[PDB]
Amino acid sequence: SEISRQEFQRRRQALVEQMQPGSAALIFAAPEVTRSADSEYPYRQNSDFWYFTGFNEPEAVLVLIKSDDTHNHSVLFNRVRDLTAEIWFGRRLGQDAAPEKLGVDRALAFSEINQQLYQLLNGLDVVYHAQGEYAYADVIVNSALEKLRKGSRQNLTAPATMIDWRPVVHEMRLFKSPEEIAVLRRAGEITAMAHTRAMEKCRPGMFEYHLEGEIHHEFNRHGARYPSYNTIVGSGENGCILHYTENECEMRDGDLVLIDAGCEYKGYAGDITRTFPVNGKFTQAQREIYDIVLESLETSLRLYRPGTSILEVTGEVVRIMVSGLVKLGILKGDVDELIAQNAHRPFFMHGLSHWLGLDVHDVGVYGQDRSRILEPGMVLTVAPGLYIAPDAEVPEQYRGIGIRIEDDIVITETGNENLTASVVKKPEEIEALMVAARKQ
């Protein structure tokens, strides 16, 4: 599953529909990023630029011009064909091929952007520009507008109104098309396969980074070359560090390992967390905490649907957590009083859910305290966890346990679809999977 030329074109047209007549929208590619000295990180296109183009080159700018309410057209600035540069660094689309390949009306050399952009903006009323997104883009836009402002004797005029297109575009991205959901479904499947592999490979004595290696290899073999975020493999006390990425420790017999990892497939993020015993068998203490986190996730998966909110479901999870922690002696007191005091916060200190899409922490307005009412087409994670610090003032068998269990879901008319249920999470199913692997 992928997103096709015609869908990128539909998206551009949907933005044009929202624009004022006599306007232009400017969407800039990501800069290349140095890793060290003259070496660069693998290129990651800007998510918004990608959303409107599917074009993976730097030094490119998409310009959508809405001349009036019926007439509009698109211009791409992009790197010119250059034999020497291409022999060295890779093929370039160039100007001749771009209109057909991408479905834009005109293509111009990026090297000419300063000579041409002001001409495209001249006489318009509004420019849509994400000011502050990139320094290089602000320089280009500000230079064009200055030329126009100062150019009255050459009959030039600048648009006086500049509108940030991010809010409009991010609201578009918040609601996925069926084709996007298909891509996210495949991302979920690839990511789940990777997590299953990690559980089947894990043995005491392996290092945390070895599971990262298994995961990344599995992503790759399905055509997801890069993770959507840096893989977390936190064993023992490291599982209490939410974004632990050192992944440097030897995994010990008797510890849990928490793996939070997701692929990037056709631009879209998977995002799964599974926690499991390094030696294949939960201890009683580990199982007691695990059961609370799993009940939280299972209840959330039952509840999420159009018309509820992340805030509402979070309230249900908090009750499950406080109730469970009271039963184990980790919290002491009346459950409702403890809930009123947010007594769970030392142990569950992050949000339950975030949007998912072209970014792992995807764009889109959450509302105050994540109260926005859910509607079909929204995609989000569901990620309860409990983290009992090594020095917590709790019964000592619970100290140093960090557990998170996370699935990705899409809100549907009828509830939600779980995109990542193909990797096990019930403790008996985890143990059975690991027992079978450990016998091989």
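From 1 onward, residues are counted along the sequence shown.
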- 57-65 versus 388-396 - greater average Cα B-factor per the deposited record: 388-396
- Message: If you average the CA temperature factors as listed in the entry, which stretch comes out higher, 91-99 or 249-257?
- Response: 91-99
- Specify which of 86, 295, 171, 264 carries the largest Cα B factor in the deposited PDB entry. 86
- Kindly indicate the residue among 111, 273, 283, 230 with the greatest C-alpha B-factor in the PDB record. 111
- Where does residue 222 sit by CA temperature factor within its chain: lowest, middle or highest third? middle
- Could you tell me which third, lowest, middle or highest, the C-alpha B-factor of residue 31 occupies within its chain? highest
- Note on the structure: Among the modelled residues of its chain, the C-alpha B-factor of residue 13 falls in the third labelled lowest
- Query: Compared with the other modelled residues in the chain, in which third is the CA B-factor of residue 414?
  - Reply: highest
- Query: Based on the entry's values, in what third of the chain does the Cα temperature factor of residue 134 lie: lowest, middle or highest?
  - Reply: highest
